[PDB]
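Reading through the structure tokens given below for one structure.
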Amino acid sequence: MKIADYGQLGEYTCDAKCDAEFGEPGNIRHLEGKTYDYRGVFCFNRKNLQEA
Amino acid sequence: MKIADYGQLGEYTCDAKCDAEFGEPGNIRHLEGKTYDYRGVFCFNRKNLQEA
Amino acid sequence: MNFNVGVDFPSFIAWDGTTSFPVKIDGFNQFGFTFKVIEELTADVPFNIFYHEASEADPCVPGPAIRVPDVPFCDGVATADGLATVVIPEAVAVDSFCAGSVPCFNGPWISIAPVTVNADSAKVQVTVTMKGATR
Amino acid sequence: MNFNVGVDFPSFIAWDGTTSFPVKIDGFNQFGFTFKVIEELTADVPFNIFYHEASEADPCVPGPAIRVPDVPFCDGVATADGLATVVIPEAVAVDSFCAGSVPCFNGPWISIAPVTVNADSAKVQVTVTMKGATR
Amino acid sequence: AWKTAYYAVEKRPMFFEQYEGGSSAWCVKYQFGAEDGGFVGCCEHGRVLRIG
Amino acid sequence: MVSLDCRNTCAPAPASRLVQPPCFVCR
């Protein structure tokens with residue numbers, strides 16, 4: 001998950017009143033990735049490989 | 001032993017196929033050395049050597 | 001199995017029959033000569049063994065020829081004049097080879113040539129074999 | 001200390017630049033070639049490898065030359081005609097040497113000679129070395 | 001400020017297997033491979049300099 | 001088919017390739 005941005009929330013308000021108002025929302029997104037592979041081959045001769 | 005050269009083995013391959021290809025080999029070789037000697041002589045007289 | 005010996009024990013021509021070739025023994029730590037005949041001889045053929053120093057004007061070229069000195073063995077005597085020499089006897093057949101080497105290294109290059117350039121010397125072949133390298 | 005390496009690893013000329021010499025490998029159980037260049041090359045020089053067999057007239061004289069066959073390894077493909085060849089590249093310096101050997105023995109005699117005899121071929125020398133003996 | 005500008009991910013270490021499809025009683029063939037990947041993180045945590 | 005092995009040279013560099021150093025940066 002990737003956080004695109006936080007919103008702007010809250011405010012300084014006078015203490016004399018009893019209500020509060022809405023802010024605005026943020027954005028959060030979802031991401032994916034994949035994996036690659038490395039490959040190869042090699043050969044030998046049994047007699048030489050064993051008797052070296 | 002001296003490792004003259006490593007080879008080049010493998011490569012990044014697509015995951016959709018079932019085979020792989022040969023690389024190329026390296027090169028490893030054989031070395032030797034020998035040793036030298038330092039030599040000399042010196043002389044003394046027993047009476048002077050013992051009475052000193 | 002076949003081992004490809006030439007990697008570890010290189011061999012070089014030294015006396016093909018009509019010319020002498022300096023051989024650089026500097027890069028290796030042991031060596032030895034090998035003699036072979038190609039036609040019947042008529043008299044003993046002697047050979048002279050030299051060594052060469054680096055050329056003054058160019059360090060990568062051999063200098064003049066200098067005769068190799070003799071080192072008496074632990075129990076023997078020196079030669080007539082203290083210089084190393086070799087003789088190939090008469091009994092050597094065509095299907096045979098002779099081997100021998102000097103006890104000391106001296107200069108970095110080595111060489112060999114017959115005392116005379118008569119028809120007999122042209123019937124012999126000489127080469128130098130090297131033992132494991134050091135570079 | 002220096003050794004008499006020629007006793008164990010004898011060397012024989014094979015191509016002195018003007019002539020080839022059959023080399024008897026029957027008494028030994030490994031061998032390999034060694035190439036040296038004495039002058040700057042003008043073009044690639046390929047070499048042919050042959051082997052002989054004991055003649056009927058004399059059981060100690062080689063017969064005619066039979067060209068060595070190829071032997072593919074576990075990787076790579078066979079030659080266009082399935083016959084061994086050797087190529088000395090253009091980049092070989094005068095102060096260097098090469099080494100190579102055949103995978104299979106075949107007859108008791110071997111030889112090597114250039115495909116074409118030209119001024120470029122005269123600038124090369126080939127020698128053969130032997131491993132331990134069997135007799 | 002790497003460790004946040006770019007990430008590196010690995011999945012499995014190298015593995016070696018013998019191949020019976022071409023492994024006679026007098027020869028061998030070996031197979032190997034590995035997997036990994038990577039993905040850029042924050043684009044704002046790095047800069048590049050160039051000539052102009 | 002034969003694979004040749006060759007040494008770089010008998011000497012490491014019979015004529016050592018001594019080379020000038022990189023020119024100094026501008027003022």
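Chain labels A, B, ... are given in the sequence in which chains occur in the structure tokens; within each chain residues are numbered consecutively from 1, and ligands are likewise numbered from 1 in the order shown.
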Could you please select, counting only C-alpha atoms, the residues of chain D within 10 Å of chain B and state them as a compact mmCIF listing (two decimals) with N, CA, C and O atoms, in the first residue's frame?
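Below is the file part.txt, written as the result:
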# COMPACT_ATOMS: atom_id res chain seq x y z
N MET D 1 67.03 -25.80 -7.50
CA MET D 1 67.79 -26.90 -8.16
C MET D 1 67.22 -27.20 -9.53
O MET D 1 66.01 -27.17 -9.73
N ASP D 75 29.49 -30.57 -25.49
CA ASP D 75 28.95 -29.27 -25.88
C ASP D 75 29.64 -28.82 -27.16
O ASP D 75 30.83 -29.07 -27.37
N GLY D 76 28.88 -28.15 -28.01
CA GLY D 76 29.36 -27.80 -29.33
C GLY D 76 28.92 -28.81 -30.37
O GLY D 76 28.27 -29.81 -30.08
Report chain D as a compact mmCIF listing (two decimals) with N, CA and C atoms, in the first residue's frame in the frame of chain C, after least-squares superposition over all C-alpha atoms paired in order.
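As written to disk, out.txt reads:
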# COMPACT_ATOMS: atom_id res chain seq x y z
N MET D 1 43.08 -41.14 -21.18
CA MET D 1 42.73 -39.75 -21.58
C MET D 1 43.97 -38.96 -21.94
N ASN D 2 43.86 -38.12 -22.96
CA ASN D 2 44.97 -37.29 -23.42
C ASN D 2 44.88 -35.90 -22.80
N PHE D 3 46.05 -35.28 -22.63
CA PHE D 3 46.16 -34.00 -21.95
C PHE D 3 46.75 -32.96 -22.88
N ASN D 4 46.60 -31.69 -22.49
CA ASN D 4 47.21 -30.57 -23.19
C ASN D 4 48.55 -30.25 -22.52
N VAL D 5 49.49 -31.19 -22.68
CA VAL D 5 50.76 -31.09 -21.96
C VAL D 5 51.50 -29.81 -22.34
N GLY D 6 51.29 -29.32 -23.56
CA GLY D 6 51.96 -28.09 -23.97
C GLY D 6 51.64 -26.90 -23.09
N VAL D 7 50.53 -26.94 -22.36
CA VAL D 7 50.18 -25.83 -21.48
C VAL D 7 51.19 -25.71 -20.34
N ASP D 8 51.68 -26.84 -19.84
CA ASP D 8 52.54 -26.87 -18.66
C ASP D 8 54.01 -27.10 -18.99
N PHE D 9 54.31 -27.82 -20.08
CA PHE D 9 55.67 -28.19 -20.44
C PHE D 9 55.93 -27.81 -21.89
N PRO D 10 56.01 -26.52 -22.18
CA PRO D 10 56.23 -26.09 -23.57
C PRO D 10 57.61 -26.49 -24.06
N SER D 11 57.72 -26.61 -25.38
CA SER D 11 58.95 -27.03 -26.04
C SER D 11 59.33 -26.00 -27.10
N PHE D 12 60.62 -25.69 -27.18
CA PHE D 12 61.13 -24.71 -28.13
C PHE D 12 62.33 -25.29 -28.86
N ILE D 13 62.40 -25.04 -30.17
CA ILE D 13 63.54 -25.48 -30.96
C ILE D 13 64.78 -24.69 -30.54
N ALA D 14 65.94 -25.35 -30.61
CA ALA D 14 67.19 -24.71 -30.25
C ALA D 14 68.22 -24.84 -31.36
N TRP D 15 68.21 -25.98 -32.06
CA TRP D 15 69.14 -26.22 -33.16
C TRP D 15 68.45 -27.12 -34.16
N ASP D 16 68.04 -26.56 -35.29
CA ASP D 16 67.32 -27.30 -36.32
C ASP D 16 68.25 -27.93 -37.35
N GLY D 17 69.56 -27.85 -37.15
CA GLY D 17 70.52 -28.43 -38.06
C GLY D 17 71.24 -27.43 -38.95
N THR D 18 70.74 -26.20 -39.04
CA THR D 18 71.40 -25.18 -39.86
C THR D 18 71.52 -23.86 -39.11
N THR D 19 70.73 -23.67 -38.06
CA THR D 19 70.68 -22.39 -37.36
C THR D 19 70.41 -22.61 -35.88
N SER D 20 70.90 -21.70 -35.05
CA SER D 20 70.61 -21.73 -33.62
C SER D 20 69.58 -20.67 -33.27
N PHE D 21 68.88 -20.89 -32.16
CA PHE D 21 67.88 -19.96 -31.67
C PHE D 21 68.04 -19.74 -30.17
N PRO D 22 68.26 -18.51 -29.72
CA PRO D 22 68.23 -18.26 -28.27
C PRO D 22 66.85 -18.58 -27.71
N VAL D 23 66.84 -19.16 -26.51
CA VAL D 23 65.61 -19.57 -25.85
C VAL D 23 65.53 -18.85 -24.51
N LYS D 24 64.40 -18.19 -24.26
CA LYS D 24 64.22 -17.41 -23.04
C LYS D 24 63.71 -18.33 -21.93
N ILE D 25 64.53 -18.50 -20.89
CA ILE D 25 64.16 -19.35 -19.76
C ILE D 25 63.79 -18.56 -18.52
N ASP D 26 63.68 -17.23 -18.62
CA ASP D 26 63.49 -16.42 -17.42
C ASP D 26 62.17 -16.74 -16.73
N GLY D 27 61.11 -16.99 -17.48
CA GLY D 27 59.81 -17.21 -16.88
C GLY D 27 59.63 -18.54 -16.19
N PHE D 28 60.54 -19.49 -16.42
CA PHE D 28 60.44 -20.83 -15.87
C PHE D 28 61.60 -21.06 -14.91
N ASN D 29 61.49 -22.13 -14.11
CA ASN D 29 62.45 -22.41 -13.06
C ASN D 29 63.18 -23.74 -13.22
N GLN D 30 62.92 -24.49 -14.30
CA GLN D 30 63.79 -25.59 -14.69
C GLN D 30 63.73 -25.76 -16.19
N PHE D 31 64.71 -26.47 -16.74
CA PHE D 31 64.77 -26.71 -18.17
C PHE D 31 65.79 -27.81 -18.44
N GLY D 32 65.75 -28.34 -19.66
CA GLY D 32 66.67 -29.38 -20.05
C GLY D 32 66.63 -29.60 -21.54
N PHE D 33 67.76 -30.08 -22.07
CA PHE D 33 67.90 -30.29 -23.50
C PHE D 33 67.43 -31.68 -23.90
N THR D 34 67.35 -31.90 -25.21
CA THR D 34 66.99 -33.20 -25.76
C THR D 34 67.57 -33.32 -27.15
N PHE D 35 68.40 -34.34 -27.37
CA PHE D 35 69.12 -34.53 -28.62
C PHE D 35 68.51 -35.71 -29.37
N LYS D 36 68.37 -35.55 -30.69
CA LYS D 36 67.89 -36.62 -31.55
C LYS D 36 68.77 -36.69 -32.79
N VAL D 37 68.96 -37.90 -33.30
CA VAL D 37 69.81 -38.16 -34.46
C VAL D 37 68.93 -38.68 -35.59
N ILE D 38 69.08 -38.09 -36.77
CA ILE D 38 68.26 -38.44 -37.92
C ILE D 38 69.01 -39.27 -38.95
N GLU D 39 70.31 -39.49 -38.78
CA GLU D 39 71.09 -40.25 -39.74
C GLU D 39 72.29 -40.86 -39.01
N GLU D 40 72.91 -41.83 -39.66
CA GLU D 40 74.10 -42.46 -39.09
C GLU D 40 75.23 -41.45 -38.99
N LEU D 41 75.89 -41.42 -37.84
CA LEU D 41 76.98 -40.48 -37.62
C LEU D 41 78.28 -41.03 -38.19
N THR D 42 79.19 -40.11 -38.52
CA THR D 42 80.51 -40.46 -39.02
C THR D 42 81.61 -40.23 -38.00
N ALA D 43 81.41 -39.31 -37.05
CA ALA D 43 82.39 -39.06 -36.00
C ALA D 43 81.70 -38.31 -34.87
N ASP D 44 82.34 -38.32 -33.70
CA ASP D 44 81.80 -37.63 -32.55
C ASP D 44 81.60 -36.15 -32.86
N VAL D 45 80.48 -35.61 -32.40
CA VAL D 45 80.13 -34.21 -32.61
C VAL D 45 80.03 -33.54 -31.24
N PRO D 46 80.92 -32.60 -30.90
CA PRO D 46 80.78 -31.87 -29.65
C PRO D 46 79.95 -30.60 -29.80
N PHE D 47 79.32 -30.21 -28.70
CA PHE D 47 78.44 -29.06 -28.66
C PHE D 47 78.89 -28.07 -27.59
N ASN D 48 78.63 -26.79 -27.85
CA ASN D 48 78.96 -25.72 -26.92
C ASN D 48 77.68 -25.09 -26.39
N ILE D 49 77.69 -24.74 -25.11
CA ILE D 49 76.54 -24.15 -24.44
C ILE D 49 76.88 -22.71 -24.07
N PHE D 50 76.03 -21.77 -24.49
CA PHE D 50 76.21 -20.36 -24.21
C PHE D 50 75.00 -19.81 -23.47
N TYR D 51 75.17 -18.64 -22.88
CA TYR D 51 74.08 -17.90 -22.28
C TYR D 51 74.24 -16.42 -22.62
N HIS D 52 73.11 -15.72 -22.72
CA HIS D 52 73.09 -14.32 -23.11
C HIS D 52 72.55 -13.49 -21.95
N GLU D 53 72.56 -12.18 -22.14
CA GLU D 53 71.97 -11.24 -21.19
C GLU D 53 71.20 -10.16 -21.94
N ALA D 54 70.25 -9.55 -21.25
CA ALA D 54 69.41 -8.54 -21.87
C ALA D 54 70.26 -7.40 -22.43
N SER D 55 69.96 -7.00 -23.66
CA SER D 55 70.73 -5.95 -24.31
C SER D 55 70.38 -4.59 -23.74
N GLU D 56 71.30 -3.64 -23.90
CA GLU D 56 71.06 -2.28 -23.44
C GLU D 56 70.08 -1.56 -24.35
N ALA D 57 70.16 -1.81 -25.66
CA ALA D 57 69.27 -1.14 -26.60
C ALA D 57 67.82 -1.57 -26.41
N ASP D 58 67.59 -2.81 -26.00
CA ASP D 58 66.24 -3.31 -25.79
C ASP D 58 66.24 -4.31 -24.65
N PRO D 59 65.44 -4.10 -23.59
CA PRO D 59 65.48 -5.03 -22.45
C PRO D 59 64.77 -6.35 -22.70
N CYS D 60 64.41 -6.63 -23.95
CA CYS D 60 63.78 -7.89 -24.32
C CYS D 60 64.42 -8.47 -25.57
N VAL D 61 65.73 -8.31 -25.70
CA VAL D 61 66.48 -8.88 -26.82
C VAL D 61 67.82 -9.36 -26.29
N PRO D 62 68.25 -10.58 -26.61
CA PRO D 62 69.51 -11.08 -26.04
C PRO D 62 70.72 -10.33 -26.58
N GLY D 63 71.77 -10.27 -25.77
CA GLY D 63 73.02 -9.68 -26.17
C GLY D 63 73.95 -10.72 -26.76
N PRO D 64 75.26 -10.48 -26.70
CA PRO D 64 76.21 -11.46 -27.22
C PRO D 64 76.29 -12.70 -26.35
N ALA D 65 76.87 -13.75 -26.92
CA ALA D 65 76.93 -15.04 -26.25
C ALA D 65 78.09 -15.09 -25.26
N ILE D 66 77.80 -15.55 -24.05
CA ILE D 66 78.81 -15.77 -23.01
C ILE D 66 78.81 -17.25 -22.68
N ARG D 67 79.99 -17.86 -22.72
CA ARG D 67 80.11 -19.31 -22.58
C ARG D 67 79.89 -19.73 -21.14
N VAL D 68 79.10 -20.78 -20.95
CA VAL D 68 78.69 -21.21 -19.61
C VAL D 68 79.90 -21.77 -18.86
N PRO D 69 80.07 -21.47 -17.58
CA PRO D 69 81.17 -22.06 -16.82
C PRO D 69 80.82 -23.41 -16.22
N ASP D 70 81.86 -24.16 -15.87
CA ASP D 70 81.68 -25.47 -15.27
C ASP D 70 81.37 -25.35 -13.78
N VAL D 71 80.79 -26.42 -13.23
CA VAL D 71 80.49 -26.50 -11.80
C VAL D 71 80.77 -27.92 -11.32
N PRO D 72 81.96 -28.21 -10.81
CA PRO D 72 82.26 -29.58 -10.39
C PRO D 72 81.33 -30.06 -9.28
N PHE D 73 80.96 -31.33 -9.35
CA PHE D 73 80.17 -31.94 -8.28
C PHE D 73 81.09 -32.47 -7.18
N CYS D 74 80.47 -33.06 -6.16
CA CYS D 74 81.21 -33.59 -5.02
C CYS D 74 82.15 -34.73 -5.41
N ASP D 75 81.92 -35.39 -6.54
CA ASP D 75 82.80 -36.43 -7.03
C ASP D 75 83.16 -36.12 -8.47
N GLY D 76 84.40 -36.45 -8.83
CA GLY D 76 84.93 -36.07 -10.12
C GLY D 76 85.74 -34.79 -10.03
N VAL D 77 86.31 -34.40 -11.17
CA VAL D 77 87.22 -33.27 -11.25
C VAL D 77 86.72 -32.29 -12.31
N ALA D 78 87.21 -31.06 -12.21
CA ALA D 78 86.79 -30.01 -13.13
C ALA D 78 87.31 -30.29 -14.53
N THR D 79 86.66 -29.66 -15.51
CA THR D 79 87.07 -29.81 -16.90
C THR D 79 88.43 -29.15 -17.12
N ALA D 80 89.07 -29.50 -18.24
CA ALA D 80 90.40 -28.98 -18.54
C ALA D 80 90.41 -27.46 -18.56
N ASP D 81 89.35 -26.83 -19.08
CA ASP D 81 89.26 -25.38 -19.13
C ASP D 81 88.10 -24.83 -18.30
N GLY D 82 87.37 -25.67 -17.59
CA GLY D 82 86.28 -25.20 -16.75
C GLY D 82 85.10 -24.63 -17.50
N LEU D 83 84.77 -25.18 -18.67
CA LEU D 83 83.64 -24.72 -19.46
C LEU D 83 82.81 -25.92 -19.90
N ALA D 84 81.49 -25.75 -19.89
CA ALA D 84 80.58 -26.85 -20.17
C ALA D 84 80.67 -27.27 -21.63
N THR D 85 80.51 -28.58 -21.86
CA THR D 85 80.50 -29.13 -23.21
C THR D 85 79.63 -30.37 -23.22
N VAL D 86 79.17 -30.74 -24.41
CA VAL D 86 78.35 -31.93 -24.61
C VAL D 86 78.87 -32.68 -25.82
N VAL D 87 78.99 -34.00 -25.69
CA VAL D 87 79.53 -34.85 -26.75
C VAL D 87 78.52 -35.96 -27.02
N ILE D 88 78.10 -36.08 -28.27
CA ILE D 88 77.20 -37.15 -28.71
C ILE D 88 78.07 -38.29 -29.22
N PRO D 89 77.99 -39.49 -28.64
CA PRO D 89 78.91 -40.55 -29.02
C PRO D 89 78.61 -41.14 -30.38
N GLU D 90 79.56 -41.95 -30.86
CA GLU D 90 79.44 -42.56 -32.18
C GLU D 90 78.33 -43.60 -32.25
N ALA D 91 78.00 -44.22 -31.12
CA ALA D 91 77.13 -45.39 -31.12
C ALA D 91 75.65 -45.05 -31.12
N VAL D 92 75.28 -43.77 -31.11
CA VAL D 92 73.87 -43.40 -31.04
C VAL D 92 73.16 -43.92 -32.29
N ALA D 93 72.07 -44.65 -32.08
CA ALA D 93 71.28 -45.14 -33.19
C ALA D 93 70.32 -44.06 -33.68
N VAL D 94 69.86 -44.22 -34.92
CA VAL D 94 68.96 -43.22 -35.51
C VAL D 94 67.64 -43.17 -34.76
N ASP D 95 67.25 -44.27 -34.11
CA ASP D 95 65.96 -44.38 -33.44
C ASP D 95 66.06 -44.20 -31.93
N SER D 96 66.93 -43.31 -31.45
CA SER D 96 67.07 -43.08 -30.02
C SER D 96 67.32 -41.60 -29.78
N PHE D 97 67.20 -41.20 -28.52
CA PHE D 97 67.38 -39.81 -28.12
C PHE D 97 68.17 -39.75 -26.82
N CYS D 98 68.69 -38.55 -26.53
CA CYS D 98 69.49 -38.31 -25.34
C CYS D 98 68.90 -37.14 -24.57
N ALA D 99 69.36 -36.96 -23.34
CA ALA D 99 68.88 -35.89 -22.48
C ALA D 99 69.97 -35.44 -21.53
N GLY D 100 70.05 -34.14 -21.29
CA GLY D 100 71.02 -33.59 -20.37
C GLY D 100 70.71 -32.14 -20.08
N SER D 101 71.18 -31.68 -18.92
CA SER D 101 70.86 -30.34 -18.46
C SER D 101 72.01 -29.78 -17.65
N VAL D 102 72.04 -28.45 -17.55
CA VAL D 102 73.11 -27.73 -16.86
C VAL D 102 72.79 -27.66 -15.37
N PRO D 103 73.79 -27.67 -14.48
CA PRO D 103 73.48 -27.57 -13.04
C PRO D 103 73.09 -26.18 -12.58
N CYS D 104 73.49 -25.13 -13.29
CA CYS D 104 73.32 -23.76 -12.82
C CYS D 104 72.61 -22.94 -13.89
N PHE D 105 71.97 -21.86 -13.45
CA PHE D 105 71.14 -21.03 -14.33
C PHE D 105 71.96 -20.02 -15.13
N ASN D 106 72.62 -19.10 -14.44
CA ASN D 106 73.29 -17.97 -15.10
C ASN D 106 72.21 -17.07 -15.70
N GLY D 107 72.52 -16.40 -16.81
CA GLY D 107 71.64 -15.40 -17.38
C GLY D 107 70.26 -15.91 -17.73
N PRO D 108 69.38 -15.01 -18.18
CA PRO D 108 68.01 -15.41 -18.51
C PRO D 108 67.83 -15.95 -19.92
N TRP D 109 68.88 -16.01 -20.72
CA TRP D 109 68.82 -16.54 -22.08
C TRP D 109 69.87 -17.63 -22.22
N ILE D 110 69.55 -18.65 -23.02
CA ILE D 110 70.46 -19.76 -23.25
C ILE D 110 70.46 -20.11 -24.73
N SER D 111 71.52 -20.80 -25.15
CA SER D 111 71.68 -21.20 -26.54
C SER D 111 72.64 -22.38 -26.60
N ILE D 112 72.63 -23.07 -27.73
CA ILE D 112 73.51 -24.20 -27.97
C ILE D 112 73.86 -24.23 -29.45
N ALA D 113 75.12 -24.53 -29.75
CA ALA D 113 75.59 -24.56 -31.13
C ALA D 113 76.80 -25.48 -31.21
N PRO D 114 76.99 -26.17 -32.34
CA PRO D 114 78.12 -27.09 -32.46
C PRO D 114 79.44 -26.35 -32.54
N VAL D 115 80.50 -27.05 -32.14
CA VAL D 115 81.84 -26.48 -32.23
C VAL D 115 82.20 -26.21 -33.68
N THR D 116 81.91 -27.17 -34.57
CA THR D 116 82.19 -27.03 -35.99
C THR D 116 80.94 -27.35 -36.78
N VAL D 117 80.68 -26.55 -37.81
CA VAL D 117 79.53 -26.74 -38.68
C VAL D 117 79.99 -27.58 -39.87
N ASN D 118 79.58 -28.84 -39.90
CA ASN D 118 79.96 -29.76 -40.97
C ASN D 118 78.78 -30.68 -41.27
N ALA D 119 78.97 -31.57 -42.24
CA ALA D 119 77.91 -32.49 -42.62
C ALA D 119 77.46 -33.37 -41.46
N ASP D 120 78.36 -33.67 -40.52
CA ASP D 120 77.97 -34.46 -39.36
C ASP D 120 77.03 -33.69 -38.44
N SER D 121 77.22 -32.37 -38.35
CA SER D 121 76.37 -31.57 -37.47
C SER D 121 74.95 -31.48 -37.99
N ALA D 122 74.76 -31.56 -39.31
CA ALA D 122 73.43 -31.45 -39.89
C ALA D 122 72.55 -32.65 -39.58
N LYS D 123 73.10 -33.72 -39.02
CA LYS D 123 72.34 -34.93 -38.71
C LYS D 123 71.78 -34.94 -37.30
N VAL D 124 71.84 -33.82 -36.58
CA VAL D 124 71.42 -33.77 -35.19
C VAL D 124 70.35 -32.69 -35.04
N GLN D 125 69.49 -32.88 -34.04
CA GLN D 125 68.47 -31.91 -33.67
C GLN D 125 68.45 -31.77 -32.16
N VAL D 126 68.27 -30.54 -31.68
CA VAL D 126 68.28 -30.25 -30.25
C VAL D 126 67.04 -29.44 -29.91
N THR D 127 66.40 -29.78 -28.79
CA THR D 127 65.19 -29.11 -28.34
C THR D 127 65.27 -28.91 -26.84
N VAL D 128 64.56 -27.89 -26.35
CA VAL D 128 64.57 -27.52 -24.94
C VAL D 128 63.15 -27.62 -24.40
N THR D 129 63.02 -28.12 -23.18
CA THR D 129 61.74 -28.26 -22.51
C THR D 129 61.76 -27.48 -21.21
N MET D 130 60.58 -27.06 -20.75
CA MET D 130 60.45 -26.21 -19.57
C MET D 130 59.63 -26.91 -18.50
N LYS D 131 59.90 -26.56 -17.25
CA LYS D 131 59.11 -27.04 -16.12
C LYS D 131 58.04 -26.00 -15.79
N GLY D 132 57.39 -26.13 -14.64
CA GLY D 132 56.33 -25.21 -14.29
C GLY D 132 56.77 -23.76 -14.40
N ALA D 133 55.81 -22.89 -14.70
CA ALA D 133 56.08 -21.47 -14.89
C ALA D 133 55.91 -20.71 -13.59
N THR D 134 56.46 -19.50 -13.56
CA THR D 134 56.44 -18.65 -12.37
C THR D 134 55.52 -17.45 -12.51
N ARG D 135 55.03 -17.16 -13.71
CA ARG D 135 54.16 -16.01 -13.92
C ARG D 135 52.75 -16.45 -14.30
**OP:** Select from chain A everything DSSP, run on the backbone, classes as strand (DSSP E), then give the selection as an MDAnalysis selection string.
**Re:** chainID A and resid 2:5 27:29 36:44
Generate the output file for the selected residues, N, CA, C and O atoms, as a compact mmCIF listing (two decimals), in the first residue's frame.
# COMPACT_ATOMS: atom_id res chain seq x y z
N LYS A 2 0.43 2.28 -0.71
CA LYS A 2 1.13 3.55 -0.80
C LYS A 2 0.20 4.67 -0.38
O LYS A 2 -0.94 4.74 -0.86
N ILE A 3 0.68 5.55 0.49
CA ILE A 3 -0.13 6.66 0.98
C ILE A 3 0.07 7.84 0.04
O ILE A 3 1.11 8.51 0.08
N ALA A 4 -0.93 8.11 -0.80
CA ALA A 4 -0.81 9.21 -1.75
C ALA A 4 -0.64 10.54 -1.04
O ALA A 4 0.26 11.32 -1.37
N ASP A 5 -1.49 10.82 -0.05
CA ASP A 5 -1.36 12.03 0.75
C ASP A 5 -2.35 12.00 1.90
O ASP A 5 -3.43 11.40 1.80
N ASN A 27 -5.91 10.31 0.40
CA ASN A 27 -5.91 9.34 -0.68
C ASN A 27 -4.87 8.27 -0.40
O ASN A 27 -3.73 8.59 -0.03
N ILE A 28 -5.25 7.01 -0.57
CA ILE A 28 -4.37 5.87 -0.35
C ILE A 28 -4.57 4.88 -1.49
O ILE A 28 -5.71 4.63 -1.90
N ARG A 29 -3.47 4.32 -2.00
CA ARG A 29 -3.52 3.51 -3.20
C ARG A 29 -2.85 2.16 -2.94
O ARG A 29 -2.22 1.94 -1.90
N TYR A 36 11.53 -11.62 -11.41
CA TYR A 36 12.16 -12.21 -12.59
C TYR A 36 13.07 -13.35 -12.17
O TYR A 36 13.38 -13.53 -10.99
N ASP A 37 13.52 -14.13 -13.16
CA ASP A 37 14.29 -15.33 -12.90
C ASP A 37 15.53 -15.40 -13.79
O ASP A 37 15.49 -14.97 -14.95
N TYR A 38 16.61 -15.94 -13.24
CA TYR A 38 17.89 -16.09 -13.91
C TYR A 38 18.15 -17.58 -14.10
O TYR A 38 17.87 -18.38 -13.20
N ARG A 39 18.68 -17.96 -15.27
CA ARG A 39 18.71 -19.36 -15.66
C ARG A 39 19.95 -19.66 -16.48
O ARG A 39 20.51 -18.77 -17.13
N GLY A 40 20.37 -20.92 -16.46
CA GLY A 40 21.54 -21.34 -17.22
C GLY A 40 21.78 -22.83 -17.06
O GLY A 40 21.06 -23.53 -16.35
N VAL A 41 22.83 -23.31 -17.75
CA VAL A 41 23.18 -24.72 -17.77
C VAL A 41 24.67 -24.88 -18.07
O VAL A 41 25.27 -24.05 -18.75
N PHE A 42 25.25 -25.96 -17.55
CA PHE A 42 26.63 -26.33 -17.84
C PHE A 42 26.76 -27.84 -17.79
O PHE A 42 25.92 -28.54 -17.22
N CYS A 43 27.84 -28.35 -18.39
CA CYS A 43 28.01 -29.78 -18.62
C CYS A 43 29.37 -30.25 -18.12
O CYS A 43 30.28 -29.44 -17.90
N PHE A 44 29.50 -31.56 -17.93
CA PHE A 44 30.73 -32.15 -17.42
C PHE A 44 30.90 -33.56 -17.99
O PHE A 44 30.00 -34.11 -18.61
**OP:** Select residues of chain F: the criterion is any atom within 9 Å of an atom of chain D, counting only C-alpha atoms; output as an NGL selection string.
**Re:** :F and (1-11 or 14)
Next, dump the selected residues to file, keeping only N, CA and C atoms, as a compact mmCIF listing (two decimals), in the first residue's frame.
# COMPACT_ATOMS: atom_id res chain seq x y z
N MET F 1 38.61 -29.99 -34.65
CA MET F 1 38.33 -29.02 -33.60
C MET F 1 39.31 -29.16 -32.44
N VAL F 2 40.07 -28.10 -32.17
CA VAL F 2 40.96 -28.05 -31.02
C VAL F 2 40.96 -26.62 -30.49
N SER F 3 41.04 -26.50 -29.16
CA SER F 3 41.03 -25.21 -28.48
C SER F 3 42.45 -24.89 -28.05
N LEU F 4 42.99 -23.79 -28.57
CA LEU F 4 44.36 -23.40 -28.26
C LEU F 4 44.40 -22.54 -27.01
N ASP F 5 45.40 -22.79 -26.17
CA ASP F 5 45.70 -21.94 -25.03
C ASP F 5 47.01 -21.20 -25.29
N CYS F 6 47.00 -19.89 -25.06
CA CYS F 6 48.15 -19.06 -25.34
C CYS F 6 48.40 -18.12 -24.18
N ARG F 7 49.67 -17.99 -23.79
CA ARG F 7 50.06 -17.00 -22.80
C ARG F 7 50.08 -15.61 -23.42
N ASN F 8 49.89 -14.60 -22.57
CA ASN F 8 49.91 -13.22 -23.04
C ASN F 8 51.25 -12.89 -23.68
N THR F 9 52.34 -13.30 -23.03
CA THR F 9 53.67 -13.08 -23.56
C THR F 9 54.67 -13.73 -22.61
N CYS F 10 55.85 -14.07 -23.15
CA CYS F 10 56.89 -14.65 -22.31
C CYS F 10 57.28 -13.70 -21.18
N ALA F 11 57.47 -12.42 -21.50
CA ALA F 11 57.63 -11.40 -20.48
C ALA F 11 56.31 -10.68 -20.25
N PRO F 14 57.43 -7.04 -22.78
CA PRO F 14 58.83 -6.86 -23.20
C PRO F 14 59.18 -5.40 -23.40
**OP:** Output as a list in words the set of chain B residues within 12 Å of chain A, with distances taken over only C-alpha atoms.
**Re:**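 The answer, sorted by residue number, is residues 7, 8, 9, 10, 11, 12, 13, 14, 15, 16, 17, 18, 19, 20, 21, 22, 23, 24, 25 and 26 of chain B.
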**OP:** Report the distance between CA of residue 3 (chain E) and CA of residue 45 (chain E) in Å, rounded to one decimal place.
**Re:**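 Calculated distance between CA of residue 3 (chain E) and CA of residue 45 (chain E) is 9.8 Å.
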